[PDB]
$ cat my_file_3.txt   # compact mmCIF, C-alpha atoms and all ligand atoms
# COMPACT_ATOMS: atom_id res chain seq x y z
CA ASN A 222 -7.12 26.76 5.65
CA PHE A 223 -5.76 27.18 2.11
CA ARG A 224 -2.26 27.05 0.68
CA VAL A 225 -1.36 27.69 -2.95
CA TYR A 226 1.28 25.92 -5.03
CA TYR A 227 2.17 27.61 -8.27
CA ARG A 228 4.58 27.98 -11.18
CA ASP A 229 6.43 30.93 -12.68
CA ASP A 232 10.95 27.88 -13.71
CA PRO A 233 9.09 24.57 -14.10
CA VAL A 234 9.40 23.62 -10.42
CA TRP A 235 6.33 24.23 -8.29
CA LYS A 236 6.72 26.80 -5.52
CA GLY A 237 4.80 27.00 -2.27
CA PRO A 238 3.09 26.97 0.10
CA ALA A 239 2.06 30.53 -0.75
CA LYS A 240 -0.65 32.30 1.23
CA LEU A 241 -3.92 32.91 -0.62
CA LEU A 242 -4.96 36.57 -0.56
CA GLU A 243 -7.78 36.62 -3.13
CA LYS A 244 -9.24 34.36 -5.81
CA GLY A 245 -10.75 35.30 -9.15
CA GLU A 246 -12.09 33.29 -12.06
CA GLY A 247 -8.96 33.97 -14.11
CA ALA A 248 -6.22 34.46 -11.53
CA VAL A 249 -5.30 34.13 -7.86
CA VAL A 250 -3.46 36.71 -5.76
CA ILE A 251 -0.93 35.07 -3.45
CA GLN A 252 1.84 36.05 -1.05
CA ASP A 253 4.89 33.80 -0.78
CA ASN A 254 7.28 35.49 1.65
CA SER A 255 7.53 39.26 1.07
CA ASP A 256 6.22 39.12 -2.50
CA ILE A 257 2.65 39.40 -3.80
CA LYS A 258 1.99 37.60 -7.10
CA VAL A 259 -0.88 37.44 -9.57
CA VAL A 260 -0.94 33.87 -10.92
CA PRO A 261 -3.19 32.44 -13.66
CA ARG A 262 -5.65 29.80 -12.48
CA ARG A 263 -3.99 27.19 -14.71
CA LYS A 264 -0.68 27.86 -12.94
CA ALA A 265 -2.04 27.55 -9.39
CA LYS A 266 -3.08 24.66 -7.15
CA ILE A 267 -5.24 25.75 -4.22
CA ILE A 268 -5.28 23.06 -1.53
CA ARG A 269 -7.30 22.89 1.69
CA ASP A 270 -5.95 21.41 4.93
CA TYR A 271 -8.73 18.82 4.77
CA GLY A 272 -7.12 16.46 7.29
CA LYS A 273 -6.59 19.54 9.49
CA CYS B 56 6.53 8.50 21.88
CA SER B 57 3.31 9.68 20.27
CA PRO B 58 1.05 7.15 18.49
CA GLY B 59 1.05 9.50 15.49
CA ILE B 60 4.79 9.73 14.73
CA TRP B 61 6.23 7.99 11.67
CA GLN B 62 9.73 7.90 10.20
CA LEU B 63 10.30 7.53 6.46
CA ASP B 64 13.49 6.82 4.53
CA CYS B 65 14.64 5.21 1.30
CA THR B 66 17.03 2.30 0.91
CA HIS B 67 18.29 0.59 -2.22
CA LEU B 68 18.79 -2.94 -3.53
CA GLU B 69 19.46 -4.27 -7.04
CA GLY B 70 19.35 -0.75 -8.46
CA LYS B 71 15.81 -0.20 -7.15
CA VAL B 72 14.43 2.37 -4.70
CA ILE B 73 12.62 1.10 -1.59
CA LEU B 74 10.57 3.65 0.36
CA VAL B 75 10.05 2.52 3.95
CA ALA B 76 7.80 3.91 6.68
CA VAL B 77 8.07 2.90 10.34
CA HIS B 78 5.57 3.62 13.11
CA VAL B 79 8.09 4.56 15.79
CA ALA B 80 6.10 3.45 18.84
CA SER B 81 5.42 -0.08 17.53
CA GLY B 82 8.09 -0.96 14.96
CA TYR B 83 5.39 -1.68 12.38
CA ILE B 84 6.59 -1.00 8.83
CA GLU B 85 5.25 -0.52 5.32
CA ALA B 86 7.35 -0.39 2.17
CA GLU B 87 7.05 0.03 -1.59
CA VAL B 88 9.49 -0.25 -4.47
CA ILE B 89 9.06 3.06 -6.28
CA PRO B 90 10.19 3.65 -9.88
CA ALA B 91 12.13 6.83 -9.03
CA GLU B 92 13.21 8.54 -5.80
CA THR B 93 11.13 11.65 -6.45
CA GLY B 94 8.88 13.96 -4.49
CA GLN B 95 5.90 12.87 -6.60
CA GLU B 96 6.33 9.18 -5.70
CA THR B 97 6.97 10.02 -2.05
CA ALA B 98 3.87 12.22 -1.88
CA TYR B 99 1.73 9.48 -3.40
CA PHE B 100 3.11 6.99 -0.86
CA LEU B 101 2.26 9.39 1.98
CA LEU B 102 -1.32 9.93 0.81
CA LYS B 103 -1.83 6.15 0.89
CA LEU B 104 -0.23 5.86 4.33
CA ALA B 105 -2.28 8.72 5.80
CA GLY B 106 -5.51 7.07 4.62
CA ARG B 107 -4.75 3.91 6.63
CA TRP B 108 -3.42 5.29 9.92
CA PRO B 109 -3.71 8.49 12.01
CA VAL B 110 -0.47 10.01 10.71
CA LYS B 111 0.26 13.17 12.69
CA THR B 112 4.01 13.69 12.22
CA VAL B 113 6.54 12.34 9.71
CA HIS B 114 10.26 12.57 10.46
CA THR B 115 12.72 12.26 7.57
CA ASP B 116 16.24 13.25 6.62
CA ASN B 117 16.72 16.11 4.14
CA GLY B 118 16.58 13.96 1.01
CA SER B 119 15.34 16.07 -1.89
CA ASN B 120 12.25 13.91 -2.31
CA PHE B 121 11.24 14.52 1.32
CA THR B 122 11.67 18.31 1.14
CA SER B 123 9.83 18.54 -2.19
CA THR B 124 6.85 20.77 -2.94
CA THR B 125 4.58 17.81 -3.72
CA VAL B 126 5.31 16.22 -0.34
CA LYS B 127 4.57 19.58 1.29
CA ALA B 128 1.22 19.63 -0.53
CA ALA B 129 0.29 16.10 0.53
CA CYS B 130 1.17 16.77 4.17
CA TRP B 131 -0.81 20.02 4.15
CA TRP B 132 -3.89 18.29 2.73
CA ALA B 133 -3.64 15.29 5.05
CA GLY B 134 -2.78 17.39 8.10
CA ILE B 135 0.72 15.96 8.62
CA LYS B 136 3.53 17.89 10.30
CA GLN B 137 7.01 17.34 8.85
CA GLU B 138 10.19 17.26 10.91
CA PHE B 139 13.67 17.00 9.41
CA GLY B 140 16.98 15.77 10.79
CA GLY B 149 18.01 6.15 13.92
CA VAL B 150 14.93 3.94 14.16
CA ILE B 151 14.23 3.87 10.42
CA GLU B 152 17.91 3.42 9.55
CA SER B 153 18.08 0.44 11.89
CA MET B 154 14.83 -0.77 10.35
CA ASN B 155 16.26 -0.45 6.83
CA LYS B 156 19.11 -2.79 7.79
CA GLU B 157 16.70 -5.31 9.31
CA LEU B 158 14.46 -5.20 6.23
CA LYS B 159 17.43 -5.81 3.93
CA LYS B 160 18.52 -8.69 6.18
CA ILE B 161 15.13 -10.38 5.89
CA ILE B 162 15.00 -9.69 2.14
CA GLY B 163 18.31 -11.48 1.67
CA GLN B 164 17.03 -14.43 3.70
CA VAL B 165 13.99 -14.90 1.42
CA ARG B 166 15.28 -13.45 -1.86
CA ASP B 167 15.59 -16.72 -3.75
CA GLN B 168 11.94 -17.52 -2.96
CA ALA B 169 10.75 -14.75 -5.30
CA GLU B 170 11.47 -13.65 -8.85
CA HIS B 171 10.94 -9.91 -8.32
CA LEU B 172 12.66 -7.85 -5.65
CA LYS B 173 9.35 -6.16 -4.81
CA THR B 174 7.88 -9.57 -3.97
CA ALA B 175 10.71 -10.27 -1.52
CA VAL B 176 10.25 -6.77 -0.06
CA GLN B 177 6.61 -7.46 0.78
CA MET B 178 7.45 -10.92 2.13
CA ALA B 179 10.01 -9.29 4.42
CA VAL B 180 7.50 -6.66 5.57
CA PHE B 181 5.05 -9.46 6.40
CA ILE B 182 7.73 -11.44 8.26
CA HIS B 183 8.81 -8.36 10.21
CA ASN B 184 5.30 -7.26 11.14
CA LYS B 185 3.98 -10.70 12.12
CA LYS B 186 6.93 -12.00 14.17
CA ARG B 187 5.89 -12.14 17.83
CA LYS B 188 8.35 -10.89 20.44
CA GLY B 193 4.60 -11.16 23.43
CA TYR B 194 3.11 -9.02 20.67
CA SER B 195 4.17 -8.56 17.07
CA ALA B 196 4.70 -5.11 15.58
CA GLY B 197 1.44 -5.55 13.68
CA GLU B 198 -0.39 -6.26 16.92
CA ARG B 199 1.39 -3.41 18.73
CA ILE B 200 0.39 -0.67 16.28
CA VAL B 201 -3.30 -1.65 16.36
CA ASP B 202 -3.21 -1.90 20.16
CA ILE B 203 -1.50 1.49 20.49
CA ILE B 204 -3.87 3.26 18.10
CA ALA B 205 -7.07 1.71 19.47
CA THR B 206 -6.07 2.73 22.99
CA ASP B 207 -5.58 6.28 21.67
CA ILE B 208 -9.13 6.40 20.26
CA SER C 57 -15.45 -11.91 11.51
CA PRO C 58 -12.37 -9.73 12.02
CA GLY C 59 -10.34 -11.44 9.28
CA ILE C 60 -12.73 -11.32 6.30
CA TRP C 61 -12.00 -9.04 3.35
CA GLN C 62 -13.72 -8.56 -0.01
CA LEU C 63 -11.76 -7.54 -3.11
CA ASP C 64 -12.92 -6.38 -6.52
CA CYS C 65 -11.83 -4.23 -9.45
CA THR C 66 -13.64 -1.20 -10.80
CA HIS C 67 -12.75 1.12 -13.66
CA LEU C 68 -12.37 4.84 -14.23
CA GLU C 69 -10.64 6.71 -17.07
CA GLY C 70 -9.64 3.42 -18.69
CA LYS C 71 -7.65 2.45 -15.59
CA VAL C 72 -8.09 -0.47 -13.21
CA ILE C 73 -8.75 0.25 -9.52
CA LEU C 74 -8.25 -2.71 -7.18
CA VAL C 75 -10.29 -2.24 -4.00
CA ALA C 76 -10.21 -4.16 -0.70
CA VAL C 77 -12.86 -3.74 2.00
CA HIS C 78 -12.66 -5.03 5.56
CA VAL C 79 -16.23 -6.27 5.77
CA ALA C 80 -16.75 -5.83 9.52
CA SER C 81 -15.70 -2.15 9.51
CA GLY C 82 -16.10 -0.70 6.02
CA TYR C 83 -12.42 0.27 5.92
CA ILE C 84 -10.98 0.26 2.40
CA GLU C 85 -7.62 0.25 0.63
CA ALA C 86 -7.19 0.73 -3.10
CA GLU C 87 -4.53 0.95 -5.79
CA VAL C 88 -4.57 1.82 -9.46
CA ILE C 89 -2.86 -1.20 -11.00
CA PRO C 90 -1.35 -1.16 -14.52
CA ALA C 91 -3.30 -4.25 -15.62
CA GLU C 92 -6.15 -6.38 -14.27
CA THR C 93 -3.93 -9.44 -13.93
CA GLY C 94 -3.26 -12.12 -11.36
CA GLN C 95 0.30 -10.83 -10.98
CA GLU C 96 -0.84 -7.37 -9.87
CA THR C 97 -3.61 -8.82 -7.68
CA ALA C 98 -1.21 -11.19 -5.91
CA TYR C 99 1.23 -8.36 -5.20
CA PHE C 100 -1.59 -6.20 -3.81
CA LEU C 101 -2.61 -9.11 -1.59
CA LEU C 102 0.89 -9.66 -0.18
CA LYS C 103 0.96 -5.98 0.81
CA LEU C 104 -2.49 -6.13 2.39
CA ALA C 105 -1.71 -9.35 4.26
CA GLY C 106 1.40 -7.75 5.76
CA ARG C 107 -0.62 -4.87 7.24
CA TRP C 108 -3.71 -6.64 8.59
CA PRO C 109 -4.66 -10.14 9.84
CA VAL C 110 -6.12 -11.30 6.53
CA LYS C 111 -7.72 -14.71 7.04
CA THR C 112 -10.36 -14.95 4.28
CA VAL C 113 -10.74 -13.05 1.00
CA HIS C 114 -14.08 -13.11 -0.83
CA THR C 115 -14.09 -12.20 -4.54
CA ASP C 116 -16.05 -12.84 -7.70
CA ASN C 117 -14.71 -15.25 -10.34
CA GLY C 118 -12.68 -12.68 -12.26
CA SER C 119 -9.72 -14.38 -13.91
CA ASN C 120 -7.28 -12.27 -11.90
CA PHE C 121 -8.82 -13.53 -8.64
CA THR C 122 -8.81 -17.19 -9.71
CA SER C 123 -5.25 -16.89 -11.06
CA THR C 124 -2.43 -19.23 -10.09
CA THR C 125 -0.32 -16.34 -8.76
CA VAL C 126 -3.11 -15.27 -6.40
CA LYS C 127 -3.50 -18.85 -5.19
CA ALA C 128 0.26 -18.89 -4.59
CA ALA C 129 0.12 -15.67 -2.55
CA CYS C 130 -2.77 -16.99 -0.45
CA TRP C 131 -0.89 -20.24 0.24
CA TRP C 132 2.21 -18.35 1.39
CA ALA C 133 0.29 -15.86 3.56
CA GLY C 134 -2.24 -18.36 4.96
CA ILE C 135 -5.33 -16.84 3.32
CA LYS C 136 -8.48 -18.83 2.51
CA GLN C 137 -10.20 -17.88 -0.75
CA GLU C 138 -13.96 -17.85 -1.28
CA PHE C 139 -15.70 -17.15 -4.58
CA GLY C 140 -19.19 -16.08 -5.59
CA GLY C 149 -22.78 -6.79 -2.20
CA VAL C 150 -20.55 -4.92 0.24
CA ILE C 151 -17.70 -4.40 -2.22
CA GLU C 152 -20.10 -3.58 -5.06
CA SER C 153 -21.68 -0.87 -2.90
CA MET C 154 -18.18 0.31 -2.00
CA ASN C 155 -17.11 0.64 -5.65
CA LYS C 156 -20.02 3.03 -6.22
CA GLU C 157 -19.24 5.03 -3.07
CA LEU C 158 -15.55 5.31 -3.97
CA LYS C 159 -16.39 6.50 -7.50
CA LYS C 160 -18.82 9.08 -6.10
CA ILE C 161 -16.13 10.54 -3.84
CA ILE C 162 -13.55 10.44 -6.65
CA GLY C 163 -15.99 12.37 -8.83
CA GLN C 164 -16.41 14.97 -6.08
CA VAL C 165 -12.65 15.61 -5.74
CA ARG C 166 -11.40 14.71 -9.23
CA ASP C 167 -10.71 18.30 -10.33
CA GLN C 168 -8.43 18.85 -7.31
CA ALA C 169 -5.90 16.32 -8.66
CA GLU C 170 -4.05 15.86 -11.92
CA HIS C 171 -3.72 12.06 -11.73
CA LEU C 172 -6.63 9.69 -11.18
CA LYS C 173 -4.56 7.72 -8.66
CA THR C 174 -4.17 10.84 -6.52
CA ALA C 175 -7.95 11.33 -6.50
CA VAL C 176 -8.39 7.64 -5.64
CA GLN C 177 -6.21 7.94 -2.54
CA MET C 178 -7.88 11.21 -1.50
CA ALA C 179 -11.19 9.35 -1.79
CA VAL C 180 -9.91 6.41 0.29
CA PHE C 181 -8.75 8.89 2.93
CA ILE C 182 -12.11 10.73 2.92
CA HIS C 183 -14.09 7.50 3.27
CA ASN C 184 -11.89 5.98 5.98
CA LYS C 185 -11.75 9.15 8.13
CA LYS C 186 -15.39 10.26 7.96
CA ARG C 187 -17.21 9.78 11.27
CA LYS C 188 -20.78 8.51 11.51
CA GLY C 193 -19.86 7.43 16.02
CA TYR C 194 -16.54 6.10 14.73
CA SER C 195 -14.91 6.30 11.33
CA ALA C 196 -14.24 3.17 9.28
CA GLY C 197 -10.53 3.54 10.03
CA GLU C 198 -11.32 3.75 13.74
CA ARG C 199 -13.60 0.71 13.50
CA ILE C 200 -11.05 -1.62 11.90
CA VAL C 201 -8.37 -0.78 14.48
CA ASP C 202 -10.88 -1.15 17.33
CA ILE C 203 -12.19 -4.47 15.97
CA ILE C 204 -8.74 -6.00 15.48
CA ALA C 205 -7.36 -4.68 18.78
CA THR C 206 -10.35 -6.05 20.70
CA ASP C 207 -9.63 -9.47 19.19
CA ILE C 208 -5.99 -9.25 20.30
CA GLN C 209 -6.62 -7.67 23.72
CA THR C 210 -9.16 -10.36 24.73
CA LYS C 211 -7.47 -13.57 23.51
CA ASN D 222 4.29 -27.40 3.67
CA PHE D 223 5.46 -26.72 0.10
CA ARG D 224 3.42 -26.44 -3.07
CA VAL D 225 4.96 -26.37 -6.53
CA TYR D 226 3.51 -24.48 -9.48
CA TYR D 227 5.10 -25.48 -12.76
CA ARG D 228 4.97 -25.37 -16.54
CA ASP D 229 5.22 -28.44 -18.77
CA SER D 230 3.71 -29.95 -21.94
CA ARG D 231 4.84 -26.80 -23.79
CA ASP D 232 2.01 -24.82 -22.16
CA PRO D 233 2.61 -21.33 -20.71
CA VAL D 234 -0.25 -21.83 -18.23
CA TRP D 235 1.05 -22.56 -14.73
CA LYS D 236 -0.01 -26.02 -13.56
CA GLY D 237 -0.23 -27.31 -10.02
CA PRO D 238 -0.09 -27.15 -7.09
CA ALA D 239 2.14 -30.24 -7.09
CA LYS D 240 3.88 -32.04 -4.25
CA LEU D 241 7.61 -31.36 -3.94
CA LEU D 242 9.75 -34.51 -3.83
CA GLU D 243 13.21 -33.06 -4.52
CA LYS D 244 14.70 -29.66 -5.34
CA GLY D 245 17.80 -30.33 -7.43
CA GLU D 246 20.35 -27.94 -8.86
CA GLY D 247 18.78 -27.88 -12.32
CA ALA D 248 15.53 -29.81 -11.98
CA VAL D 249 12.78 -30.46 -9.44
CA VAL D 250 10.99 -33.75 -8.87
CA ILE D 251 7.28 -33.27 -8.20
CA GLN D 252 4.10 -35.31 -8.01
CA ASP D 253 0.88 -33.98 -9.52
CA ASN D 254 -2.31 -36.08 -9.20
CA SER D 255 -0.15 -39.21 -8.80
CA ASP D 256 1.98 -38.34 -11.86
CA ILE D 257 5.71 -38.04 -11.20
CA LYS D 258 7.30 -35.21 -13.20
CA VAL D 259 10.80 -33.75 -13.48
CA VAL D 260 10.78 -30.03 -14.34
CA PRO D 261 13.71 -27.61 -14.87
CA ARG D 262 14.24 -25.32 -11.88
CA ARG D 263 13.44 -22.28 -14.04
CA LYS D 264 10.00 -23.78 -14.84
CA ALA D 265 9.18 -24.43 -11.16
CA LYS D 266 8.03 -22.08 -8.43
CA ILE D 267 8.31 -23.65 -4.98
CA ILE D 268 6.25 -21.86 -2.33
CA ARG D 269 6.14 -22.52 1.41
CA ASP D 270 3.07 -21.99 3.59
CA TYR D 271 4.92 -19.47 5.78
CA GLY D 272 1.68 -17.82 6.90
CA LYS D 273 0.61 -21.24 8.25
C1 LIG A 301 6.29 -13.62 -11.00
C2 LIG A 301 5.58 -14.71 -10.20
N1 LIG A 301 5.10 -15.74 -10.88
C3 LIG A 301 4.46 -16.76 -10.29
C4 LIG A 301 3.98 -17.80 -11.10
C5 LIG A 301 3.32 -18.87 -10.53
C6 LIG A 301 3.12 -18.90 -9.15
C7 LIG A 301 3.59 -17.87 -8.35
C8 LIG A 301 4.27 -16.79 -8.93
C9 LIG A 301 4.78 -15.71 -8.16
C10 LIG A 301 4.59 -15.64 -6.64
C11 LIG A 301 3.30 -15.31 -6.18
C12 LIG A 301 3.04 -15.19 -4.82
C13 LIG A 301 4.08 -15.39 -3.91
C14 LIG A 301 5.36 -15.71 -4.35
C15 LIG A 301 5.63 -15.84 -5.73
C16 LIG A 301 6.51 -15.94 -3.32
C17 LIG A 301 5.99 -16.03 -1.90
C18 LIG A 301 4.84 -15.08 -1.66
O1 LIG A 301 3.76 -15.25 -2.51
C19 LIG A 301 5.44 -14.65 -8.80
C20 LIG A 301 5.96 -13.46 -7.96
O2 LIG A 301 5.56 -12.22 -8.49
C21 LIG A 301 4.33 -11.65 -8.12
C22 LIG A 301 4.11 -11.70 -6.61
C23 LIG A 301 4.35 -10.19 -8.58
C24 LIG A 301 3.17 -12.35 -8.82
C25 LIG A 301 7.48 -13.43 -7.83
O3 LIG A 301 8.07 -12.32 -7.78
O4 LIG A 301 8.14 -14.51 -7.76
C1 LIG A 302 1.12 15.94 -10.07
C2 LIG A 302 1.06 16.84 -8.82
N1 LIG A 302 1.76 17.95 -8.87
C3 LIG A 302 1.79 18.82 -7.85
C4 LIG A 302 2.57 19.99 -7.97
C5 LIG A 302 2.61 20.90 -6.93
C6 LIG A 302 1.90 20.66 -5.76
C7 LIG A 302 1.13 19.51 -5.64
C8 LIG A 302 1.08 18.59 -6.70
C9 LIG A 302 0.31 17.41 -6.62
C10 LIG A 302 -0.48 17.09 -5.35
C11 LIG A 302 0.23 16.58 -4.26
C12 LIG A 302 -0.43 16.24 -3.09
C13 LIG A 302 -1.81 16.40 -3.00
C14 LIG A 302 -2.53 16.90 -4.09
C15 LIG A 302 -1.87 17.25 -5.26
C16 LIG A 302 -4.08 17.08 -3.98
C17 LIG A 302 -4.59 16.85 -2.57
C18 LIG A 302 -3.81 15.81 -1.83
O1 LIG A 302 -2.44 16.03 -1.77
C19 LIG A 302 0.29 16.51 -7.69
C20 LIG A 302 -0.54 15.20 -7.57
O2 LIG A 302 0.19 14.04 -7.92
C21 LIG A 302 1.02 13.40 -6.97
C22 LIG A 302 0.24 13.14 -5.68
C23 LIG A 302 1.45 12.06 -7.58
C24 LIG A 302 2.28 14.21 -6.66
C25 LIG A 302 -1.77 15.27 -8.48
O3 LIG A 302 -2.24 14.22 -9.00
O4 LIG A 302 -2.33 16.37 -8.70
MG MG A 303 17.75 8.79 3.41
MG MG A 304 -15.28 -8.01 -10.38

$ encode --input "my_file_3.txt" --output "structure tokens"
Amino acid sequence: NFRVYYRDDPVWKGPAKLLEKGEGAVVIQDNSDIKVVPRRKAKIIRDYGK
Amino acid sequence: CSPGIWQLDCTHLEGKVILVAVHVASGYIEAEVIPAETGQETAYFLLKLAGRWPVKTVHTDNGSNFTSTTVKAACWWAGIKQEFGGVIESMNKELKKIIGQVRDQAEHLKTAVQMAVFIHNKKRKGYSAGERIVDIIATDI
Amino acid sequence: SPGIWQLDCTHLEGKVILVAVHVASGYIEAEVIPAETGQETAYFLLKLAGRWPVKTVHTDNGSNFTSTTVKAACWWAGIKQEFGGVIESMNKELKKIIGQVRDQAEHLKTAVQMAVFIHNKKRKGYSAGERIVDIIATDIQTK
Amino acid sequence: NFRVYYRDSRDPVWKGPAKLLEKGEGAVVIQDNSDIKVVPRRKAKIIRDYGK
């Protein structure tokens, strides 16, 4: 349902899988790497068109 | 082929970037002159296209704008599958041919581009491409 | 009538949004244009006329819609112009949807196109995007 | 079949539509409300009713 695009390198990475969401950060998994990303550095996007 | 398959590619004239989409089953096209051949401009073009038609799959070459993160985001949101790797290339040539035929009727290249899109989509074979896409999609409803 | 469109501009964030509505269906297209001029309106019209069978465009008397360049585009494309609340209602609907999704996008124009998508795809029992294709196809398939 | 929009009288506002009488190399001959005018090509925009 959700994919996350994010920054570390000024190019946006993704789609990363969304594991958990907090008010300040999101926990995501790209390939075999779990990252804690600030909310300002993350774009959570729904597959609205499905 | 499926009523939901589109091919996209860029061509170039007068130093400007022309982004072209073709509905494979009908030959219907849409095009825009974009200020730079970037993922951002391509993603914006796709969001507009997906709002008009039932865009299920887009096939492109591996141009960096087509493999970009922003295009991935747009296709995810709109529900578009991307496939990578000659209909649009043949269509690019035809579009440039029509543009050259009408170029001196317009000041700006983008004006001649949209005239050529109109001419291509309205020309009846018989149905025109513009009639074919609507007929194909309505039958798929 | 299958060929009647209404066009109008509305404004958000200091930017100009040019909106076209296919009256019979409720289908819309929109662009954020850099200025509310006849030049930009004529270019938008040439694009619209290439996609759909645009026979008549109804607008208010905004100077961009009465402009010489728009009259030139309508002459080339074969469009009849009529001057003087479907589009007004649609401006308010589009702005409502934009407001609902605005924080999901950096650029206003991205939110605009998300809002056009949302409006055109939402089913009532067809969507507006289904209605325009059905209406135009029926005209073609029965001639 | 053709309409001409043009600028004259040192006015940036586009006038017309006028009737096209001749498209020359450097000037166009037009008729606007029975007035015959000769305008430089660069001050004339000649547009065909392609959409019919
Ligand atoms: C700059 C410009 N100035 C004009 C001044 C007076 C009258 C018409 C124009 C046109 C024009 C408009 C519609 C049109 C065509 C040309 C040519 C045939 C199709 O319809 C343009 C065109 O530019 C815009 C379309 C962006 C306004 C152009 O590039 O030539
Ligand atoms: C600037 C920008 N940067 C990004 C960086 C990484 C990932 C995505 C984006 C998106 C984006 C793309 C498609 C999309 C949505 C947002 C939101 C949902 C619909 O699909 C944008 C958008 O801008 C462009 C569309 C011009 C690229 C935006 O305005 O936010
Ligand atoms: Mg290419
Ligand atoms: Mg208005």

$ axis_aligned_box --input "my_file_3.txt" --around "ligand LIG 302 (chain A)" --padding-each-side "3 Å" --output "JSON"
{"center_x": -1.0, "center_y": 16.5, "center_z": -5.9, "size_x": 13.2, "size_y": 14.8, "size_z": 14.3}

$ closest_residue --input "my_file_3.txt" --among "C:168, C:124, C:184, C:115" --to "ligand MG 304 (chain A)" --atoms "only C-alpha atoms and all ligand atoms"
C:115

$ atom_distance --input "my_file_3.txt" --atom1 "atom CA of residue B:69" --atom2 "atom CA of residue B:184"
23.2 Å

$ interface_residues --input "my_file_3.txt" --of "chain A" --to "chain C" --cutoff "12 Å" --atoms "all atoms listed in the file" --output "number ranges by chain"
A: 263, 265-269, 271-273

$ interface_residues --input "my_file_3.txt" --of "chain D" --to "chain C" --cutoff "9 Å" --atoms "all atoms listed in the file" --output "mmCIF file with C-alpha atoms, in the frame of the given file"
data_model
loop_
_atom_site.group_PDB
_atom_site.id
_atom_site.type_symbol
_atom_site.label_atom_id
_atom_site.label_comp_id
_atom_site.auth_asym_id
_atom_site.auth_seq_id
_atom_site.Cartn_x
_atom_site.Cartn_y
_atom_site.Cartn_z
ATOM 1 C CA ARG D 224 3.420 -26.440 -3.070
ATOM 2 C CA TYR D 226 3.510 -24.480 -9.480
ATOM 3 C CA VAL D 234 -0.250 -21.830 -18.230
ATOM 4 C CA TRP D 235 1.050 -22.560 -14.730
ATOM 5 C CA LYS D 236 -0.010 -26.020 -13.560
ATOM 6 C CA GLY D 237 -0.230 -27.310 -10.020
ATOM 7 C CA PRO D 238 -0.090 -27.150 -7.090
ATOM 8 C CA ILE D 268 6.250 -21.860 -2.330
ATOM 9 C CA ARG D 269 6.140 -22.520 1.410
ATOM 10 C CA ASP D 270 3.070 -21.990 3.590
ATOM 11 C CA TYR D 271 4.920 -19.470 5.780
ATOM 12 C CA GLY D 272 1.680 -17.820 6.900
ATOM 13 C CA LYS D 273 0.610 -21.240 8.250
#

$ residues_near_ligand --input "my_file_3.txt" --ligand "ligand MG 303 (chain A)" --cutoff "6 Å" --atoms "all atoms listed in the file" --output "PDB file with C-alpha atoms, keeping the file's coordinate frame"
ATOM      1  CA  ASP B  64      13.490   6.820   4.530  1.00  0.00           C
ATOM      2  CA  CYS B  65      14.640   5.210   1.300  1.00  0.00           C
ATOM      3  CA  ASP B 116      16.240  13.250   6.620  1.00  0.00           C
ATOM      4  CA  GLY B 118      16.580  13.960   1.010  1.00  0.00           C
TER       5      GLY B 118
END

$ interface_residues --input "my_file_3.txt" --of "chain B" --to "chain D" --cutoff "12 Å" --atoms "only C-alpha atoms" --output "count of residues only"
12

$ interface_residues --input "my_file_3.txt" --of "chain B" --to "chain C" --cutoff "9 Å" --atoms "all atoms listed in the file" --output "MDAnalysis selection string"
chainID B and resid 83:87 99 102:103 105:109 133 173:174 177:185 197:206 208

$ atom_distance --input "my_file_3.txt" --atom1 "atom CA of residue C:97" --atom2 "atom CA of residue C:126"
6.6 Å

$ residues_near_point --input "my_file_3.txt" --point "(-12.8, -8.4, -7.5)" --cutoff "9 Å" --atoms "all atoms listed in the file" --output "list in words"
residues 62, 63, 64, 65, 66, 74, 75, 76, 114, 115, 116, 117, 118, 120, 121 and 151 of chain C

$ write_last_selection --input "my_file_3.txt" --atoms "C-alpha atoms" --output "mmCIF file, in the coordinates of the input"
data_model
loop_
_atom_site.group_PDB
_atom_site.id
_atom_site.type_symbol
_atom_site.label_atom_id
_atom_site.label_comp_id
_atom_site.auth_asym_id
_atom_site.auth_seq_id
_atom_site.Cartn_x
_atom_site.Cartn_y
_atom_site.Cartn_z
ATOM 1 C CA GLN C 62 -13.720 -8.560 -0.010
ATOM 2 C CA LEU C 63 -11.760 -7.540 -3.110
ATOM 3 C CA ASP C 64 -12.920 -6.380 -6.520
ATOM 4 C CA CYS C 65 -11.830 -4.230 -9.450
ATOM 5 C CA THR C 66 -13.640 -1.200 -10.800
ATOM 6 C CA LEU C 74 -8.250 -2.710 -7.180
ATOM 7 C CA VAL C 75 -10.290 -2.240 -4.000
ATOM 8 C CA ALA C 76 -10.210 -4.160 -0.700
ATOM 9 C CA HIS C 114 -14.080 -13.110 -0.830
ATOM 10 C CA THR C 115 -14.090 -12.200 -4.540
ATOM 11 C CA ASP C 116 -16.050 -12.840 -7.700
ATOM 12 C CA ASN C 117 -14.710 -15.250 -10.340
ATOM 13 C CA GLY C 118 -12.680 -12.680 -12.260
ATOM 14 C CA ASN C 120 -7.280 -12.270 -11.900
ATOM 15 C CA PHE C 121 -8.820 -13.530 -8.640
ATOM 16 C CA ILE C 151 -17.700 -4.400 -2.220
#

$ residues_near_ligand --input "my_file_3.txt" --ligand "ligand LIG 302 (chain A)" --cutoff "6 Å" --atoms "only C-alpha atoms and all ligand atoms" --output "count of residues only"
16

$ atom_distance --input "my_file_3.txt" --atom1 "atom CA of residue D:230" --atom2 "atom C17 of ligand LIG 301 (chain A)"
24.5 Å

$ residues_near_point --input "my_file_3.txt" --point "(-9.1, 33.0, -11.2)" --cutoff "12 Å" --atoms "all atoms listed in the file" --output "PyMOL selection string"
chain A and resi 241-251+259-267
